[PDB]
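Before any questions on how it binds or moves, here is one chain, the form deposited in one PDB entry, in C-alpha cells.
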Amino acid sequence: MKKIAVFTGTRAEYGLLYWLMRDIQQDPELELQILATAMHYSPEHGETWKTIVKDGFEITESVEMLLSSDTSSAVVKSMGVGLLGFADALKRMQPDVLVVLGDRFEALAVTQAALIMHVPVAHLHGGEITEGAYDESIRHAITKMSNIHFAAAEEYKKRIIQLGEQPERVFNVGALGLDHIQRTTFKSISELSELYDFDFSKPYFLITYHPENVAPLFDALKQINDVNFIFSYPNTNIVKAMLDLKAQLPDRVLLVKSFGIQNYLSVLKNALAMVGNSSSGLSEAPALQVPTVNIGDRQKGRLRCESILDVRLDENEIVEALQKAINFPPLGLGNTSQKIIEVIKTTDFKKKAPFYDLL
C-alpha cells in the first residue's frame, strides 16, 4: 500500500485534481491522503474545504494559513504559517508521495517542506509559461524541488528537461482537468433549459472574462445580432458591466452564479464560441470542439491550436472574431489520471535524480 497525499490550496486546482483523487480513492493498493489549506479556509470564497468533504473525500490534514490582508508582507507571513502547519501535517501523514499542482506560493511552501522532510514530490503542470508578477519563477522553483514531473504537453516536458530534470523523470500525460471532459455525463439542452429557466436551444455564446475598462468588450457584443449570452461569474468593475447588459436586454442574456463543473461543461459544449480570457478557453473549449476567442493576454504563454482566435481588448477586433466563430490535441483527450497513477506505480522516484546537463 502506497500513501499518496494530494495537496490542495484552492477550489479551482482541487477541481483540476478531482479525478486523480477519485482514482486514488477507488484504487485498493493506493491510500488517498489530502492536505487542504490556503483559500479552502477563506471566508471570501465560502470555505471550499466543505466542497471537498461533500464530494466524498476525507481531509486528512487541514492548515489554515492565509492572513486577512492585501499586502505582500502578509503573503510572506501566510507562507510562514503554512510552513509551520505543513511541518506537523507531513510529520503525521508520512506520505509516500506528495502530489502538488501548479505554482501558487502555498505549493512552493509545501514542496520545500516535503523536500526537507524527504517526502517525494510529484509536480503537475511544470514547464509552463504564464507571465505574472512572479508565478513563473515559483513554478520553476517547485519543479527544481520536485522528484517526478507530469507535464501537460511536449513543449512543457522539454522545458522541464531543460531545467535539469532527468528525462526519465518527466512525463507528458496531458492536462488532468480535461479528464472531466472524458468522464462527464453532460446535461442535454432540455435539461439545462429547465434547470436555468432559459432556452439553450437558440444558440448562444458562453463568456467568462476575468479581471486583468472592459467597455470594448460589452460594446462589442451589443453589435452581434441574434445571439444570447450566458455568463459565468469572474469584480464590481466587470460584474457591474454584465449586470448593465442584463438590464438592457432582460431576456437574451443569462448570468449564472455558480455553474458547477458538470453544468458548466454542458453549457460550454452547446455553444458557438467560448469568449473571454479564462483558462477554460485554452483547454476545455478545444476539447469540446467549441471555438475560442481569447481576449487580451491573461492567458499569454499557453500553447495554441487550430481553434484559438486571440484578439486584443478593443471593440472591432472582437466583433469580427465573434462572427468568424459563428462561421464554422496537445493537452490530451482526458485519461491523464490513469497515466499518472501508472507512472507512480511503476517508477522509483524516492530521491532527487542527478542534475541533467544538456548535450
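Here the rigid core means the biggest group of C-alpha atoms that line up within 1.5 Å when the two forms are laid on top of each other. The numbering used is simple: start at 1 and walk along the sequence shown.
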What number of deposited residues lacks coordinates in the span between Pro234 and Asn235: none, 1 to 3, 4 to 9, or 10 or more? 4 to 9
Between residues given as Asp244 and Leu245, how many of the deposited sequence are not built: none, 1 to 3, 4 to 9, or 10 or more? none
Where do the C-alpha atoms have the higher mean temperature factor in this entry, in 254-262 or in 144-152? 254-262
Do the CA atoms of 281-289 or those of 173-181 have the higher mean B-factor in the entry? 281-289
Between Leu66, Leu30, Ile326, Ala36, which one tops the list for C-alpha B-factor in the PDB entry? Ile326
Identify, among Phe86, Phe186, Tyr209, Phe105, the residue whose C-alpha carries the highest B-factor in the deposited PDB entry. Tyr209
So, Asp55's CA B-factor, relative to its chain, sits in which third? The lowest
Using the B-factors in the PDB entry, rank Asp226's C-alpha atom against the chain and give the third, lowest, middle or highest. highest
Among modelled residues of the same chain, the CA temperature factor third for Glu315: highest
The third of the chain into which the C-alpha temperature factor of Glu47 falls is the middle
Of the three thirds of its chain by CA temperature factor, lowest, middle or highest, which one includes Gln248? highest
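The same protein has a further form, the form deposited in another entry, not shown here; the description that follows concerns it.
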Which one of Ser78, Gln166, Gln112, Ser193 is the only residue whose C-alpha moves by 2 Å or more between this form and the one not shown, after superposing on the core? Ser193
Would you say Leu309 moves between this form and the one not shown, meaning its CA shifts by 2 Å or more once the core is fitted? yes
Inspect the rigid-core superposition and answer whether the C-alpha of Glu320 shifts by 2 angstroms or more between this form and the one not shown. yes
With both forms fit on the core, has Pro286 moved 2 Å or more by CA between this form and the one not shown? yes
